Amino acid sequence: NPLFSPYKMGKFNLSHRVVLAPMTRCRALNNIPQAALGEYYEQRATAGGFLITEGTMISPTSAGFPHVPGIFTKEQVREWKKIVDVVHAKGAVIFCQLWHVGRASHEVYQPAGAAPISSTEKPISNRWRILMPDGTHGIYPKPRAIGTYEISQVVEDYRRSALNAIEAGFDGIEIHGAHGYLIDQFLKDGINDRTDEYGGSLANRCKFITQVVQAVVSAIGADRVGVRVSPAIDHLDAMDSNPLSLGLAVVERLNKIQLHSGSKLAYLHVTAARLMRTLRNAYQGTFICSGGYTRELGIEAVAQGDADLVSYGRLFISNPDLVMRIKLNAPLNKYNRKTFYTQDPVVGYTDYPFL
Ligand SMILES: Cc1cc2nc3c(=O)[nH]c(=O)nc-3n(C[C@H](O)[C@H](O)[C@H](O)COP(=O)(O)O)c2cc1C
């Protein structure tokens, strides 16, 4: 089983290649990490195993879900440190995913009910609805297209959040540039209708993610920085006319950032020759594949060299010992979609049984 051959992910030595994918669970009440999160990640932590936390707010305007953790206040760093210690006390490596939803927000999630910010003024179409704090579903509003000065301010929010994560004890961070959120709103030409230096050509549309990665790399180091993208996922109207060309353009800038920094990024994380094999071959460094992978598909991806690590999402919600179950080829538990985003600290969160 190649999933349990060790792997060197920069400075971190992993004992297996099963990774916990980032998953918003909405148990961080009032954007403050709770003790339930520490129990949740501890259940899933393994000695030498890699964990990626739920998307974490970088600023008061970055949230589009209820009760998602932040890492932009000192109270948030204080609470995150207790969760990181418990995870580290089981021998695991943990990255904090920095997450800005962009236009994928709503009045109720914004300070003073302000409009969400984005690369464009176009809202997410009527086909998608946002989850509201009371469990209902609302309408995505018109975002406010930000200028270039505000862009550099959002980049500074990524930078300050990356330092706060290291302050909390995180081994590193992952840049959330997937699933049609703020960074994807600049990447995809189905959303980015700008005419300034951040829109139009592939180079202009890759400029925002390039500045975000360079800023956090300069702050904490490249080997503590992971990047996640999803060129071929159309979530929230995040379509590109050429997802392969866009994905290869992003890899080219990531490869260049590593050359200009003298170090490799922690990894490239792609969720969805296959599109995934093409980006892996083009990227000079560690590759994590994500999306619909099983035990056999993950074994095969590592054996054929398609990826170095495999992240599992939904199966990790219902199987806290998913790493052990994959090792023993033990039957897995079903997950309950109803409690994906509820607020109970136990029900549908930490009460999924171990083997
Ligand atoms: C409830 C839920 C929350 C998720 N939250 C995030 C997130 O915050 N950031 C992210 O990049 N992906 C998020 N994802 C996507 C997963 O990380 C993963 O890419 C996707 O679930 C496919 O993995 P799987 O088929 O193994 O479940 C989430 C998925 C689910 C089901």
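Values reported hereafter were calculated over all heavy atoms of this structure, with side chains retained and with hydrogens, waters and symmetry mates removed. Along the sequence shown, residues are numbered consecutively beginning with 1.
- For the pair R228/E174, a side-chain contact is recorded, criterion being any heavy-atom separation below 4.5 Å from C-beta on.
- Rounded to the nearest 0.5 Å, atoms CD1 (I52) and NE2 (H176) are 10.5 Å apart.
- Using a 4.5 Å heavy-atom cutoff, the side chains of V18 and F316 are in contact.
- Ring centroids of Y267 and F287 are separated by 6.0 Å or more, keeping the two rings apart.
- With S5 contributing its side chain and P2 its backbone, the two residues share a donor-acceptor pair below 3.5 Å.
- Taking CG from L275 and CG from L279, the interatomic distance works out to 5.0 Å, rounded to the nearest 0.5 Å.
- Using a 4.0 Å cut-off between charged nitrogen and carboxylate oxygen, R144 and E150 count as a salt-bridge pair.
- For the pairing with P141, the side-chain contact (heavy atoms from CB on, under 4.5 Å) check across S105, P116, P123 returns one residue only, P116.
- In this structure, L328 shares a hydrophobic cluster with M324, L355, the cluster being traced through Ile, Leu, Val, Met, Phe, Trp and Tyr side chains under 4.5 angstrom apart.
- Taking the six-membered ring for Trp and thresholds of 30 and 60 degrees, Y181 and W99 have ring planes more than 60 degrees apart, a perpendicular arrangement.
- Residues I146 and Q153 fail the side-chain proximity criterion, which asks for heavy atoms closer than 4.5 Å.
- Crowding of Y149 atom OH: a count of heavy atoms from other residues, nucleotides or ligands under 6.0 Å not exceeding 12.
- Between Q185 and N192, every side-chain heavy-atom pair lies at or beyond the 4.5 Å cut-off.
- Using a 4.5 Å cut-off on side-chain heavy atoms (C-beta onward), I83 and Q34 make no contact.
- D134 is linked by a side-chain hydrogen bond (donor to acceptor under 3.5 Å, both in side chains) to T136, counting only residues two or more places apart in sequence or in another chain.
- Residues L309 and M9 have side chains in contact (heavy-atom distance under 4.5 Å, counting atoms from C-beta outward).
- The closest side-chain heavy-atom distance from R103 to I191 is below 4.5 Å.
- Between the CG atom in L98 and the OG atom in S62 there is a gap of 9.5 Å [rounded to 0.5 Å].
- Here the straight-line distance linking atom CD of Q97 with atom OG1 of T53 works out to 6.5 Å at 0.5 Å rounding.
- Under a 4.0 Å N-O distance rule, the pair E156/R159 qualifies as a salt bridge.
- Note: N319 CG to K334 NZ = 12.5 Å, rounded to the nearest 0.5 Å.
- For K90, the NZ atom counts as densely surrounded, since its 6.0 Å shell holds more than 12 non-hydrogen atoms of other residues, nucleotides or ligands.
- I32 and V346 end up in different hydrophobic clusters when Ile, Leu, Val, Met, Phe, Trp and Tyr side chains are linked at under 4.5 Å.
- Clustering ILVMFWY residues whenever any of their side-chain heavy atoms sit less than 4.5 angstrom apart, transitively, puts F65 in the very cluster that holds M132.
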Worked check of salt bridge (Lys or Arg N to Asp or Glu O under 4.0 Å) between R280 and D308: CA-CA 9 Å; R280 192 267 209 288; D308 312 298; 2.8 Å; yes
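- The distance from atom NE2 of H106 to atom CD1 of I130, rounded to the nearest 0.5 Å, is 7.0 Å.
- Residues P66 and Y341 have side chains not in contact (no heavy-atom distance under 4.5 Å, counting atoms from C-beta outward).
- Relative ring orientation between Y158 and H100 is described as tilted, the plane-to-plane angle lying within the 30° to 60° band.
- Aromatic rings of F50 and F12 (six-membered ring for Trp) have centroids beyond the 6.0 Å cut-off, not under it.
- Taking 4.0 Å as the cut-off between side-chain N and carboxylate O, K188 and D237 do not count as a salt-bridged pair.
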